[PDB]
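Descriptive structure summary
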Amino acid sequence: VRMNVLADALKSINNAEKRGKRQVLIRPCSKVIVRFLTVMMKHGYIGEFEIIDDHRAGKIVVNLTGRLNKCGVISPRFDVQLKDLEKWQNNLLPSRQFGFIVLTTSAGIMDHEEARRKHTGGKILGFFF
Amino acid sequence: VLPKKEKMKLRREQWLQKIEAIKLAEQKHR
Amino acid sequence: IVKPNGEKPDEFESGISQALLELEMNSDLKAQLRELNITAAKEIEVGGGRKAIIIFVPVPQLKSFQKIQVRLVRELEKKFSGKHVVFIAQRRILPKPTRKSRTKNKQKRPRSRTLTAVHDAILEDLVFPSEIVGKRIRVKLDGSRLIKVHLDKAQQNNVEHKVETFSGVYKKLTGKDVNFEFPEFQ
Amino acid sequence: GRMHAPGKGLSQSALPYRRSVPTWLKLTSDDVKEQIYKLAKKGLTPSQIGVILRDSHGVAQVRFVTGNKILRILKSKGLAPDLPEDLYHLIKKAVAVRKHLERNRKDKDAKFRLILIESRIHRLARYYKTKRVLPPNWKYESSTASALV
Amino acid sequence: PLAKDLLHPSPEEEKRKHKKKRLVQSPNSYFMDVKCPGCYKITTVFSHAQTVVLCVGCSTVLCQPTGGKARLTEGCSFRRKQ
RNA sequence: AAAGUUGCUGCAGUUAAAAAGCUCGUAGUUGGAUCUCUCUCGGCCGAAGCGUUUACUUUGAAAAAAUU
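Residues numbered from 1 in each chain as written, not as in the entry; some residues may be left out. Chains lettered and ligands numbered in written order. Part of a larger assembly, values for the part shown. Heavy atoms only, no water.

Quick word on the overall build of chain A
Note the following rule: Helix numbers and strand numbers start at the N terminus; a helix is a DSSP run of H or I with at least 4 residues, a strand a run of E with at least 2. We compute the radius of gyration from the C-alpha atoms alone; for a globule the expected value is 2.2 Å times N to the 0.38, where N is the number of residues. Three exposure classes are used, based on accessible area relative to the maximum for each residue type with a 1.4 Å probe and protein chains only: buried under 20%, partly exposed in between, and exposed over 50%. Contact criterion: two residues are considered in contact whenever any of their non-hydrogen atoms come within 4.5 Å of each other.
The helix and strand inventory of chain A stands at four helices and eight strands. Element order for chain A, N to C, with α for helix and β for strand: α-β-α-β-β-β-β-α-β-β-α-β. Whereas a compact globule of 129 residues would reach a radius of gyration of roughly 14 Å, chain A reaches 14 Å, a difference of no more than 12%. Taking the principal axes of its C-alpha atoms as reference, chain A extends roughly 40 × 30 × 25 Å. Burial analysis of chain A (129 residues in total) assigns 49% to the buried set. For chain A, the proportion of contacts with a sequence separation of at least 24, taken over those separated by at least 6, is 62%.

Some details on the overall build of chain D
Let me state the cut-off plainly: Calculation of accessible area relied on Shrake-Rupley with a 1.4 Å probe; when residues are assessed, cover is drawn exclusively from the protein chains displayed. Counted as positive: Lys and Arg. Counted as negative: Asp and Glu. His and the chain ends are not counted at all. For the purpose of locating charges, the reference atoms are NZ of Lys, CZ of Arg, CG of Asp and CD of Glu.
Scanning chain D from terminus to terminus reveals six helices and zero strands. Starting at the N terminus, the α and β elements of chain D follow one another as α-α-α-α-α-α. What you see for chain D is a C-alpha radius of gyration of 19 Å, clearly larger than the 15 Å of a compact globule of 149 residues, by over 25%. Looking at chain D as a whole, 29% of its 149 residues are labelled buried. Counting contacts in chain D only where the partners sit at least 6 residues apart, residues at least 24 apart contribute 60% of the total. Accessible surface for chain D amounts to roughly 9900 Å². Of this, 53% is attributable to carbon and sulfur atoms. Across chain D, 32 positive and 12 negative side-chain charges occur, with their mean positions spaced 5 Å apart.

Some remarks on the sheet that holds strand β2 (residues 42-46) of chain E
Residues and elements named next belong to chain E. To keep it simple, the criterion reads: Here the rule is simple: two strands pair whenever DSSP picks up at least two bridges between them. Only C-alpha atoms enter the line fits that serve as axes; for helices the fit covers just the stretch in contact. Angles between N-to-C directions range over 0 to 180 degrees.
Overall, antiparallel pairing links the three strands, which are arranged β2-β1-β6 in an open sheet. Lying at the two open borders of the sheet, with one neighbouring strand each, are β2 and β6 (77-80). Within this sheet the neighbouring strands show an average axis-to-axis angle of 30°, counted without direction. Pairing geometry for strand β1 (residues 31-35) and β6, over four bridges, is antiparallel.

Things to note about the domain arrangement of chain A
All names here are of chain A. Cut-off, in case you're wondering: Domain limits in this description derive from either an automatic procedure or a database domain assignment. Defined in terms of a 1.4 Å probe, buried area is the accessible area two parts forfeit on being brought together, summed over both. Salt bridge criterion: a side-chain nitrogen from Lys or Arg within 4 Å of a carboxyl oxygen from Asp or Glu. Polar contact criterion, stated in full: a pair of N or O atoms within 3.5 Å, where within protein one must be able to donate a hydrogen and the other to accept it, and residues adjacent in sequence count only if both atoms are side-chain atoms. Each residue receives one of three labels: charged for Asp, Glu, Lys and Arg, nonpolar for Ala, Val, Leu, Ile, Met, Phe, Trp, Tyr, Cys and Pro, and polar for the others, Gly being one of them.
Structurally, chain A comprises domain 1 (1-68) and domain 2 (69-129). Put simply, the middle of domain 1 and the middle of domain 2, counted by C-alpha atoms, are 19 Å apart. Opposite the 15 residues of domain 1 that make contact, domain 2 presents 19 residues. Of the roughly 1400 Å² buried at the junction of domain 1 and domain 2 (both faces included), carbon and sulfur atoms supply 71%. For the pair domain 1 and domain 2, the number of links is zero salt bridges. At the junction of domain 1 and domain 2, the tally comes to three residue pairs in polar contact. Every element with two or more residues in the side of domain 1 that touches domain 2 is listed here: α1 (5-18) and α2 (31-42). Looking at side-chain class alone, the side of domain 1 that touches domain 2 contains ten nonpolar, three polar and two charged residues.

Digging into the layout of surface pockets
A probe as big as a water molecule, rolled over the atoms, marks out the empty space that is left. Going by this rule: Cavities and pockets were defined on a 1 Å grid built from protein atoms only: a cavity is a group of points that admits a 1.4 Å probe but offers it no way out, a pocket is an open group of points flanked by protein on both sides within 12 Å along at least five of seven lines, and a lining residue is one with an atom within 4 Å of any such point. Grid points are joined across faces, edges and corners, and a volume is the space filled by probe spheres set on the points.
Reported here for the second largest pocket is a volume of approximately 640 Å³. Taken together, the residues of the lining of the second largest pocket sort by class into eight nonpolar, five polar and twelve charged.

Concerning unusual backbone geometry
Residues and elements named next belong to chain A. In the segment running from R27 into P28, the intervening peptide bond is cis, with an omega of -5°. Here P28 lies in the loop between β1 (23-26) and α2. Each neighbour pair has its own omega, and for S75 with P76 the value is 0°, a cis peptide bond. Its place among the elements puts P76 in the loop between β4 (71-73) and β5 (79-80).

Some thoughts on the pattern of salt bridges
On inspection of all chains with the given rule, the structure shows 18 salt bridges over all chains. Salt-bridge contacts for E26 of chain B lead to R67 of chain A; the nearest nitrogen and oxygen are separated by 2.9 Å. One end of the pair, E26 of chain B, is in helix α1 (residues 4-28); the other, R67 of chain A, is in the loop between β3 (59-63) and β4, on a second chain. Here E26 of chain B falls in the buried class, since its relative accessible area comes to 17%. Put simply, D177 of chain C and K171 of chain C hold a salt bridge, and the shortest N to O gap is 3.6 Å. Using a relative accessible area of 39% as the deciding quantity, one classes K171 of chain C as partly exposed.

Some thoughts on the nonpolar core
Just so we agree on the cut-off: Buried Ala, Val, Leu, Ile, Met, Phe, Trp, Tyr and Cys residues that are joined via side-chain atoms within 4.5 Å together make up what is termed a nonpolar core.
Formed by 69 residues in total, the largest nonpolar core has its most connected members in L37, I60 and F128 of chain A. Element by element, the count of residues in this core is highest for α2 of chain A, at seven residues. Not counting the four nearest positions on each side in its chain, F128 of chain A is found in contact with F36, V39, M40, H43, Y45, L68, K70, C71, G99, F100 and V102 of chain A. Core analysis: the next-biggest nonpolar cluster, separate from the first, contains 22 residues, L20, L33, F65 and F87 of chain C among them.

As for the interface of chain E and chain D
A common way to report how large an interface is uses the accessible area buried once the components associate. Taken together, the 19 residues of chain E in the interface contact 15 residues of chain D. At the boundary of chain E with chain D, total buried surface from both sides reaches about 1400 Å², with 62% on carbon and sulfur atoms. Between the two partners, chain E and chain D, sit zero salt bridges. Inspection of the region where chain E meets chain D yields six residue pairs in polar contact. Sort the elements by how many residues they give to the side of chain E that touches chain D and β2 of chain E lands first, with four residues.

A short note on the environment of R98 of chain D
All names here are of chain D. Relative to the helices and strands, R98 is located in helix α5 (residues 85-103). Separated by 47 residues in the primary sequence, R98 and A145 have C-alpha atoms spaced 9.9 Å apart. Dropping the residues within four chain positions of it, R98 is found in contact with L114, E118 and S142.

Next comes the structure, spelled out in structure tokens:
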């Protein structure tokens, strides 16, 4: 059955982007998915997206751009302390300029640079380069 | 056709070239 | 007619109370208005210099206000100058239960007392004659949301000119930008 | 996909985005409630109550008009059955299959279907004892099946 | 190919799609008023009704349930609502 | 150590080592969307109940040398 809706959203975005599509429809929506896509958006990777609202879990239309190589989820959401974060990026991002671990910390959902800037750790969600 | 060792070497090196191209493209925008 | 929760009548809501009384002693809206009452009122400039009237009514009488809404709106528009009148129920926002709060939360708050449910009810009550048939949220590149609201095509002509007043009222009361559209088919 | 069956159908109902009661419906919430009460007096489970109310009386969704759903309306009045309707239907089906088995012994297809139906009964009974709709001493037994219909 | 706006589908495309698979799901059914030729009373019936609907006074059959929509009796009139 | 030949990172199982007749079937593992600090006594504060309780993250104190 359907577990980890963020995994489905990111797999759908990845499979759409590898076919060179302009838009992708991802369902069901979630607040975690919206925060993840907002972090992905604010660095310039997925353009701009629109939430479609039914009286169910909603849908999202994401207007893909072409910059995205890979967006991925890490299941299960391992606890990431502020030291071990370096190990994690040495595991996940293949290059040290671009790529992003997305963390859920108590200060919100943000990227690993901002998580170091806030001097906090948390649980891991994904990465995108 | 050809052994897999240089196949993964070609894929890794082309991915390295792809990374360097993306890095220099993002560096040019500054 | 006016029964404020703070029990402080200002001149605006007392004036529209006199307006409702004059409406009752002349027009056919007689047998129902006595049983009813309002709570508060405000006046807001929207759309670049166009004023609009807001009347906060109590919630459990609001359904009855739905029965005489259009007649009350047209009679207050005849009474007033070029204006726009909206009836919005006075909903109570309960704060989100955290680990630092007052010791009054001995019972779980209802979902109708949350922020999102109250703002949905406010959006559906700000547009009474038309019914909301769709909702989109466009999230801009700066990260700021924008709600796009789809209303009835069938009764479009009633509220064609009030959509900017609706947007200004919702923006002033909430802080969220809202646009209104009409789909060509349902 | 289904819970025991391997099929995956899509046939279901699609509720509209308008939760509003339509203008053409002249029945009020109360009149809907007395219709519910009289149909419950006729001996009807909430499924046929909703079906008759939708088909003939023009109310699409009881929860949209009265503000509350049918089982809670019957529970407040007290005309609510001791078993939920689905468990009752499952038990009735088990009785009918067992009667057929007693008439026809070699019908091993019905034996397999009987095992399937009792499996559904046990899962649903576990759920109902979880949320205290059933008392915690409830147990399904083969000879204690015809007494519940 | 590879480029079509998902937020704004054409209405014939939305009509063609399965009711659950639309952008926002919406049913294919409707409520209609039926008038028996033997009387004047109007009755509200669901298009996909599963129950046989009888007239209040005439007690004639108004619809017969079938696999999909209900078969109204030859002679009755109807009008779709809203 | 090369070694991803013990595999959490990070392996496999059509034809090479290997996935069972099929369904039902405890435990365990996993699980859709949704909810934005105050009350008293003593000098704007100190004491007190904390707010459902946790898992998580951070800080501070404290934590042999030698070795590194």
